[PDB]
């Protein structure tokens with residue numbers, strides 16, 4: 001019932017979604033770490 | 001619903017695909033050796049079809065494996 | 001594949017049949033009270049779309 | 001847009017196939033004094049056309065019989081003989097039908113070459129830049 | 001599911017293979033008088049079928065003997081003859097066997113190209129996004 | 001519903017030849 | 001259209017009034 | 001050219017009057 | 001219109017003295033039709 | 001060898017004088 | 001021109 | 001063992017036609 | 001915005017239709033010699049519309065059949081299969097570049 | 001400067017012209033057997049100029065045999081392969097313009 | 001597991017047998033004219049057992065005084081069949097390493 005097009009699209013969508021959430025998590029954490037390491 | 005059900009559902013999807021790829025590889029192997037040993041009930045067309053599907057099926061397996069490893073290697077290089 | 005293979009095959013097969021019909025007349029030259037058989041060809045068009 | 005070439009070569013190949021079948025019927029019915037309904041076979045010929053006003057596809061617009069007179073033969077004892085003992089046979093000429101067989105086949109194969117060559121050019125455009 | 005074209009092209013390869021085997025048997029037994037007049041060999045032909053309830057596979061529905069009358073020959077010398085000195089021979093026509101040989105071989109190799117080209121499309125699909 | 005018949009030369013000739021069995025045709 | 005072009009349908013004829021009459 | 005009605009089957013009659 | 005058409009092959013590539021092409025088709029070649 | 005006016009169709013007369 | 005080349009119009 | 005003889009027309013004859021030399025016909029059995 | 005539909009476009013539905021067309025064309029080629037089989041056609045515009053949000057077309061023969069009843073013109077089927085494969089390759093390139101550009105923007109690489 | 005016009009030059013326009021030329025040559029081959037069809041040519045210099053700043057008839061070498069067709073298939077075949085080689089070379093020139101442009105912007 | 005014996009199957013031995021079979025058929029054709037030579041046939045199942053012989057062919061027609069039991073019609077057909085099957089064995093055994101290398105390299 002499934003084809004290689006659906007599998008490849010599912011693989012690409014998962015890769016893009018996973019890459020999106022990792023980078024945004026990385027950006028926010030780097031923003032948090034920058035704020036913590038500042039001279040009060 | 002819990003998160004384990006989604007994880008188990010994802011695990012069964014991977015297991016089903018691996019079994020399907022393994023089934024094709026074993027099916028191609030039998031048809032290859034049946035025609036190679038000299039059995040007259042096996043057609044060269046069916047053998048070539050069998051090994052064409054197994055080769056494509058395994059190539060799909062390689063692509064998914066590389067993406068999983070690349071995602072994990074991407075994951076381990078993250079601020080934490 | 002082109003349907004002209006069978007269109008020409010069907011003509012070649014019939015030419016053999018007419019050849020056999022003429023062959024029976026020559027095999028029956030000396031037969032008593034023998035009326036020679038006439039042979040001809042009929043054109044039947046394939047009516048339809050196209 | 002080389003996809004237009006595919007339409008033109010495809011239309012040409014279809015036209016040659018129609019001409020080949022017309023030649024096949026003429027060779028098979030070059031000796032037939034009878035017919036299906038009531039009319040003696042006459043050498044058929046497809047009509048090609050170019051609707052020039054890019055590319056101009058070639059289209060077959062109908063089959064037209066040759067205007068050459070039917071070859072009358074003296075077969076007075078034949079059942080279909082007329083009042084003078086003549087029977088009429090199709091005006092198919094062997095020499096020109098053989099030329100059509102050669103011409104249509106060679107024209108058919110060269111259009112496949114153009115389509116195959118045009119198919120490659122589209123592929124190289126896809127690979128442009130990478 | 002992922003190889004629908006292969007199941008159809010492959011089915012044609014198996015279907016056209018049977019038609020060539022049947023043609024070989026008809027030509028190899030065109031002069032086999034055998035014995036009696038009902039056990040005599042008769043030209044066999046495969047029957048193709050398509051169940052259209054996507055892709056419609058081609059399935060051979062059994063071998064069927066030709067309905068052409070047996071070729072009678074006068075030969076009151078063969079010990080397997082009959083009262084009137086006739087030996088009935090298989091109703092195999094060489095011209096129709098040659099045409100089947102041409103049609104089967106070309107159609108069989110055409111499906112090879114489609115099946116081979118179908119694999120290329122599957123291979124290109126795996127390269128999506130790369 | 002099925003579409004079955006003898007392929008090749010036995011079906012590509014006018015029915016007046018009567019080579020195909022009636023049941024198959 | 002081309003003049004004198006043949007038709008791909010049986011040729012309406014004489015016997016069987018059916019053809020001689022129906023256009 | 002695509003249509004919704006399946007193409008009709010050819011006739012090739014032995015005699016046109018018989019039909 | 002402005003459409004050019006005719007019988008291709010060996011029938012056309014002959015002198016018009018043969019008169020093997022119908023006059024309707026023969027004018028059609030010209031381009032007037 | 002390209003012109004803006006189409007080349008003329010060849011004439012094969014049997015008498016030339018009549019043309 | 002060639003000295004004795006045939007023309008392509010009626011003589 | 002080694003087997004040999006004249007090929008072609010002479011050997012493809014009945015033995016009565018004594019075209020083949022006697023000793024060469026002996027070689028056609030076995031030798032060592 | 002920022003969604004896979006608005007990003008991929010119609011290049012995801014087109015690929016499925018092109019594979020569907022190849023299945024139809026290959027079926028006609030395989031069933032060319034089967035008597036009584038009628039050639040099957042596919043409307044790309046209707047199929048793409050159905051895919052985006054979600055009947056039988058037959059191909060008129062150019063010449064009459066020789067008696068079998070099969071209206072498959074194998075000369076045309078090969079030409080359409082060749083065209084379908086080229087346009088399918090372009091669609092994969094079009095769809096594949098959609099994911100590459102999305103990955104490029106979300107990672108700045 | 002630094003514009004796609006100044007960056008690609010005439011290579012972005014030559015690809016389209018030779019595609020048009022292939023279309024004109026291809027229809028000459030297809031219409032070779034059509035009687036009364038006059039072979040059509042394309043002027044590359046004129047068409048390239050038109051595209052940069054936004055069809056003629058081919059004189060026959062020999063008289064036609066009576067069909068009014070002035071298509072010499074030996075000439076059409078020869079011109080088709082020359083156009084195909086030049087079309088491929090044009091894509092190589094245009095394709096490397098983008099790749100060199102991408103090399104400069106990325107520094108690699 | 002994971003050994004060349006299991007990865008290659010029996011396709012590693014079939015190529016050798018098809019070479020031996022081709023040699024014997026070549027011998028039969030060459031020795032067709034030499035009188036006293038008896039046509040030699042190779043039993044496929046024997047080399048199958050040797051993997052996991054050189055028999056005589058009984059004539060269908062009598063000799064003509066030569067004693068040579070080689071039928072050149074049979075030999076040509078058996079050489080054609082062996083050559084076709086030999087190429088298939090190369091294709092089967094060749095793809096065993098192509099799949100094996102792709103599994104290891106992952107590309």
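FYI, it's all coordinate maths here, none of it is from the lab. Note that we place each Cβ from the backbone using ideal geometry, even for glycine, and neighbour counts take in every protein chain shown.
Kindly indicate which of D:128, D:61, D:101 is farther than 20 Å from residue D:14 by Cβ and either more than 14 Å from chain G (Cβ to nearest Cβ) or under 15 Å from the mean Cα position of the chain (by Cα) (or both).
Every option except D:128 fails the conditions.
Can you tell me which residue within region D:4-22, out of those that are out of contact with any strand residue (DSSP E or B) (no Cβ under 9 Å at 6 or more places or on another chain) and more than 7 Å from every other protein chain (Cβ to nearest Cβ), is nearest to residue I:12 (Cα to Cα)?
D:16
Regarding region N:90-99, can at least one residue be identified that is crowded, with 20+ Cβ neighbours inside 10 Å, more than 9 Å from chain D (Cβ to nearest Cβ) and within 30 Å of residue I:21 (Cβ to Cβ)?
no
Each row is one residue, and each column tells you yes or no for (1) away from chain E (no Cβ under 14 Å); (2) more than 19 Å from residue M:98 (Cα to Cα); (3) touching a helix residue (DSSP H, G or I) at 6+ places or on another chain (Cβ under 8 Å).
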residue	(1), (2), (3)
A:2	no, yes, no
A:5	no, no, yes
A:11	no, no, yes
A:19	no, no, yes
A:22	yes, yes, yes
A:25	yes, yes, no
A:28	yes, yes, no
A:34	yes, yes, no
A:39	yes, yes, no
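Quick check on residue N:39: is it buried (at least 22 other Cβ atoms within 10 Å of the Cβ), closer than 20 Å to residue D:57 by Cβ and within 11 Å of chain D (Cβ to nearest Cβ)?
Spelling it out, it is not the case that residue N:39 is buried (at least 22 other Cβ atoms within 10 Å of the Cβ), closer than 20 Å to residue D:57 by Cβ and within 11 Å of chain D (Cβ to nearest Cβ).
Considering only strands (runs of 3 or more DSSP E) fully contained in region E:21-107, which possess at least 1 residues that are in contact with a helix residue (DSSP H, G or I) (Cβ under 7 Å, 6 or more places away or on another chain) and buried (at least 20 other Cβ atoms within 10 Å of the Cβ)?
By residue number, E:44-50, E:58-65.
Within region M:43-61, work out how many residues are in contact with a strand residue (DSSP E or B) (Cβ under 8 Å, 6 or more places away or on another chain), within 29 Å of residue F:25 (Cα to Cα) and either surrounded by fewer than 21 Cβ atoms within 10 Å (Cβ to Cβ) or more than 14 Å from chain C (Cβ to nearest Cβ) (or both).
The total comes to 4.
Go through the residues of region M:74-82 one by one and say whether even a single one is over 14 Å from the mean Cα position of the chain (by Cα), within 14 Å of chain C (Cβ to nearest Cβ), closer than 25 Å to residue E:60 by Cβ and assigned to a loop (DSSP other than H, G, I, E, B).
no
Give the residues of region I:1-27 that are outside any loop (DSSP other than H, G, I, E, B), at the interface with another protein chain (Cβ under 7 Å from one of its Cβ atoms) and within 26 Å of residue D:53 (Cβ to Cβ), sorted by residue number.
I:4, I:5, I:6, I:24, I:25
Would you confirm whether any residue within region C:27-50 is more than 10 Å from chain D (Cβ to nearest Cβ), outside any loop (DSSP other than H, G, I, E, B) and under 16 Å from the mean Cα position of the chain (by Cα)?
Checked against the condition, which is being more than 10 Å from chain D (Cβ to nearest Cβ), outside any loop (DSSP other than H, G, I, E, B) and under 16 Å from the mean Cα position of the chain (by Cα), region C:27-50 yields no hits at all.
Would you mind stating whether residue M:29 is in a helix (DSSP H, G or I) and over 11 Å from the mean Cα position of the chain (by Cα)?
Judged against the criteria, residue M:29 is a match.
More than 13 Å from chain F (Cβ to nearest Cβ), in contact with a strand residue (DSSP E or B) (Cβ under 7 Å, 6 or more places away or on another chain) and crowded, with 16+ Cβ neighbours inside 10 Å: is that true of residue E:119 in this structure?
In short, no.
Taking region E:64-75, which residues are more than 9 Å from chain F (Cβ to nearest Cβ) and touching a strand residue (DSSP E or B) at 6+ places or on another chain (Cβ under 8 Å)?
E:70, E:71, E:72, E:73, E:74, E:75
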